[PDB]
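Student: This is the content of query14.cif (mmCIF, C-alpha atoms):
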```cif
data_model
loop_
_atom_site.label_atom_id
_atom_site.label_comp_id
_atom_site.auth_asym_id
_atom_site.auth_seq_id
_atom_site.Cartn_x
_atom_site.Cartn_y
_atom_site.Cartn_z
CA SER A 1 107.25 13.52 -29.29
CA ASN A 2 106.54 15.66 -26.20
CA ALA A 3 107.94 16.87 -22.96
CA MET A 4 105.01 16.98 -20.59
CA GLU A 5 102.32 18.05 -23.06
CA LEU A 6 99.00 16.38 -22.73
CA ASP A 7 97.94 15.42 -26.24
CA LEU A 8 96.61 12.22 -24.82
CA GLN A 9 93.35 11.26 -26.34
CA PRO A 10 91.03 8.37 -25.47
CA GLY A 11 92.12 5.29 -27.35
CA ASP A 12 95.83 6.10 -27.08
CA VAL A 13 98.46 3.50 -26.30
CA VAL A 14 101.24 4.75 -24.04
CA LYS A 15 103.73 3.81 -21.43
CA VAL A 16 102.91 5.05 -18.06
CA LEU A 17 104.75 4.65 -14.88
CA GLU A 18 101.86 3.13 -13.01
CA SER A 19 103.53 2.39 -9.76
CA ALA A 20 107.11 2.63 -8.44
CA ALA A 21 107.25 -1.14 -7.91
CA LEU A 22 106.35 -1.75 -11.55
CA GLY A 23 107.70 1.14 -13.52
CA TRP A 24 106.66 2.03 -17.01
CA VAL A 25 103.90 -0.29 -18.03
CA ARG A 26 101.74 0.04 -21.05
CA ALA A 27 98.42 1.63 -20.54
CA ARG A 28 95.59 2.92 -22.55
CA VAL A 29 94.05 6.35 -22.32
CA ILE A 30 90.40 5.86 -21.77
CA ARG A 31 89.28 9.34 -21.18
CA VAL A 32 90.16 12.81 -20.16
CA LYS A 33 88.17 13.51 -17.08
CA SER A 34 87.76 16.35 -14.66
CA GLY A 35 89.96 19.23 -15.87
CA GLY A 36 93.20 17.43 -16.45
CA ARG A 37 92.44 14.16 -14.91
CA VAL A 38 93.65 11.76 -17.36
CA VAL A 39 92.16 8.35 -17.29
CA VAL A 40 94.37 5.58 -18.27
CA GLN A 41 93.89 2.00 -17.64
CA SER A 42 96.43 -0.68 -17.71
CA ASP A 43 95.60 -4.20 -18.92
CA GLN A 44 95.18 -5.27 -15.32
CA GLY A 45 91.97 -3.28 -15.61
CA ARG A 46 92.99 -0.68 -13.12
CA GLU A 47 92.07 2.87 -14.03
CA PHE A 48 94.23 5.60 -12.63
CA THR A 49 94.87 9.24 -13.01
CA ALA A 50 97.72 9.91 -15.30
CA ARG A 51 99.76 13.08 -15.66
CA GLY A 52 102.15 14.24 -18.40
CA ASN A 53 105.03 13.35 -16.11
CA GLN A 54 103.87 9.78 -15.93
CA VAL A 55 102.95 9.31 -19.55
CA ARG A 56 105.03 9.12 -22.60
CA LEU A 57 103.78 8.55 -26.08
CA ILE A 58 106.37 6.83 -28.27
CA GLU A 59 109.45 8.43 -26.72
#
```
I'd like the structure from this file rewritten - as structure tokens, please.

Tutor:
Amino acid sequence: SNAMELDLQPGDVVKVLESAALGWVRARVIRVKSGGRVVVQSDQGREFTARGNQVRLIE
């Protein structure tokens, strides 16, 4: 699917490693913000800045 490439669009459904004490959880890309500030939000409602090293789309 990708290595580190940001093809993440708002509405996407990915696994992101949210926090080290949780690991890869499933998040949702809400937006692409300032420059390369990816907005993803997990179902806990927390938005956070994702990066292509923290996000994997079906792979």

Student: I want to know what sits within 12 Å of residue 42 of chain A, based on all atoms listed in the file, with residues of the same chain fewer than 2 positions away left out; could you give that as a compact mmCIF listing (two decimals) with C-alpha atoms, in the coordinates of the input?

Tutor:
```
# COMPACT_ATOMS: atom_id res chain seq x y z
CA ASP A 12 95.83 6.10 -27.08
CA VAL A 13 98.46 3.50 -26.30
CA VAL A 14 101.24 4.75 -24.04
CA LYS A 15 103.73 3.81 -21.43
CA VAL A 16 102.91 5.05 -18.06
CA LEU A 17 104.75 4.65 -14.88
CA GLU A 18 101.86 3.13 -13.01
CA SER A 19 103.53 2.39 -9.76
CA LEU A 22 106.35 -1.75 -11.55
CA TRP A 24 106.66 2.03 -17.01
CA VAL A 25 103.90 -0.29 -18.03
CA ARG A 26 101.74 0.04 -21.05
CA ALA A 27 98.42 1.63 -20.54
CA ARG A 28 95.59 2.92 -22.55
CA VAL A 29 94.05 6.35 -22.32
CA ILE A 30 90.40 5.86 -21.77
CA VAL A 39 92.16 8.35 -17.29
CA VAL A 40 94.37 5.58 -18.27
CA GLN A 44 95.18 -5.27 -15.32
CA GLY A 45 91.97 -3.28 -15.61
CA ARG A 46 92.99 -0.68 -13.12
CA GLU A 47 92.07 2.87 -14.03
CA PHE A 48 94.23 5.60 -12.63
CA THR A 49 94.87 9.24 -13.01
CA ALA A 50 97.72 9.91 -15.30
```

Student: So what do you get for atom CA of residue 21 of chain A versus atom CA of residue 7 of chain A, distance-wise?

Tutor: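 Going from atom CA of residue 21 of chain A over to atom CA of residue 7 of chain A, I get 26.4 Å.
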
Student: Provide the atom CA of residue 41 of chain A to atom CA of residue 55 of chain A distance in Å, to one decimal place.

Tutor: 11.8 Å

Student: In Å, with one decimal, what is the gap from atom CA of residue 51 of chain A to atom CA of residue 38 of chain A?

Tutor: 6.5 Å

Student: Produce the centre coordinates and the three edge lengths, each in Å to one decimal, of the box along x, y and z that contains all listed atoms of segment 31-39 of chain A with 4 Å added on each side, as JSON.

Tutor:
```
{"center_x": 90.7, "center_y": 13.8, "center_z": -17.9, "size_x": 13.9, "size_y": 18.9, "size_z": 14.5}
```

Student: Give me the result of the PyMOL selection byres ((chain A and resi 52) around 8) on this file, residue by residue, as a ChimeraX atom specification.

Tutor: /A:3-6,50-51,53-56
